[PDB]
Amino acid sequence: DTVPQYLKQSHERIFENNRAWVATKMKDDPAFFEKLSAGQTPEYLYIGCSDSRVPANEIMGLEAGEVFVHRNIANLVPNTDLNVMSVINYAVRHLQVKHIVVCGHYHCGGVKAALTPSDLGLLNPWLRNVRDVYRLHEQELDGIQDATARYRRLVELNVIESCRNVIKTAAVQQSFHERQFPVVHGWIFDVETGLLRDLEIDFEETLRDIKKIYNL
């Protein structure tokens, strides 16, 4: 019932590491935290998986402060999730972000967890959103005979449907109609090469396509 000591010193070591990190930044730039604390308005909302590999801003060669960030299991945008719907609403309506990106990769454990028949308890309802993506694209995925190619295509279609879910929001549709931003993109990050790849989500075409069923 007491906290093991190895957990207390693991925790202390973080603070030692933090003090050391501050010293080297102080040596490299004497006003760096002064400039950090200097204002900024993010231009990007980035939605990625909680299974992060590299900070968003560093992949994109931007300052951390130019990217407002959300990470969740399997980089989902479910209809009735007030968590992700609040980040989208705030980013669009308060930050007036010019770009929203959904970025996946082939090693998010969330998507893999969606395909195991196991009871993951509380996780099942969240990962149900990944299985709905399989249903929307069932013929395409059934016709890929290589398991690893099929899995990789599911990861990409999950990014694309998350993007479509962003585009379907009132905030994105109304902002785009009246100000021609934000624009939504779907990307894949390759861990093996460190390269971003555009899925070429057709924003203009997708936004037009959505209007029939989903306008405002």
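Numbering starts at 1 and runs along the sequence shown.
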*Given 153-161 and 56-64, the range whose Cα B-factors average higher in the PDB entry*: 56-64
*Averaging the C-alpha B factors as listed in the entry, name the stretch that ends up higher: 36-44 or 179-187.*
36-44
*From 89, 118, 80, 129, which pick has the Cα B-factor that tops the rest in the entry?*
118
*Going by what the PDB entry lists, where does residue 167 fall on CA B-factor within its chain: lowest, middle or highest third?*
lowest
*Within this chain, which third does the Cα B-factor at residue 31 fall in: lowest, middle or highest?*
highest
*In terms of the CA temperature factor given in the entry, to which third of its chain does residue 108 belong: lowest, middle or highest?*
highest
*Sorting the chain's modelled residues by C-alpha B-factor, tell me whether residue 96 ends up in the lowest, middle or highest third.*
middle
*CA B-factor ranking of residue 195, expressed as a third of its chain*: lowest
